[PDB]
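Next up: a single chain in structure tokens, the form whose entry title says "active state".
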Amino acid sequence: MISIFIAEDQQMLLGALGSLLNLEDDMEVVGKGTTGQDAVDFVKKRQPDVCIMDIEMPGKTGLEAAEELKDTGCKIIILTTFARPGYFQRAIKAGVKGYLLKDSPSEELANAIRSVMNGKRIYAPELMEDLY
């Protein structure tokens, strides 16, 4: 069983992703948040296997949260509306294992979580096509 914390400011996606991931037999959403501070606080206290975060959030950003959680054993998957090529390097240095676009199929999300748990790095193909 994979324990997942989800930090997303847009409540409709937060609740919809939480419902989606909970239907998986090997996944459990153990907590939900709306700010980067919520992610830092939960991860440091509860130590989930995976943290799914929006790159942009009020208070502390998903990126600032990722950097603060760099030395925890938690696997960070970043969600972004835009490819944000200029912010991707900061995410790599932060130790982000997954970097996904909100235009990616929802089916690939559970697969990304499982891949990241198997020590693989999952990046949006659009970001390679954008960066190169």
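Each form is matched to the other, and the largest set of C-alpha atoms that superpose within 1.5 Å is called the rigid core. Numbering starts at 1 and runs along the sequence shown.
As the entry records it, the average C-alpha temperature factor is higher for 106-114, out of 13-21 and 106-114.
Averaged over CA atoms, B-factors in the entry run higher in 51-59 than in the other of 51-59 and 80-88. Highest C-alpha temperature factor among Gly95, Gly98, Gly31, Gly36 per the entry: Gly95. Among the modelled residues of the chain, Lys45 sits in the middle third by CA temperature factor in this PDB entry. When the modelled residues of the chain are ordered by C-alpha B-factor, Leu69 sits in the highest third.
One more form of this protein should be noted, the form whose entry title says "inactive state", which is absent from this view; the next part is about it.
A movement of the C-alpha atom of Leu13 reaching 2 angstroms or beyond is seen between the shown form and the other one when the two forms are aligned on their rigid core.
After superposing the rigid core, the C-alpha of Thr35 moves by 2 Å or more between the shown form and the other one. Remark: with the core as the superposition reference, the CA shift of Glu56 between the shown form and the other one reaches 2 Å or more. Relative to what is shown, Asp9 and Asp26 are closer in the other entry; their C-alpha atoms differ in spacing by at least 3 Å. Compared with the form shown, the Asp9-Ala110 C-alpha separation decreases in the other entry, the change being 3 Å or greater.
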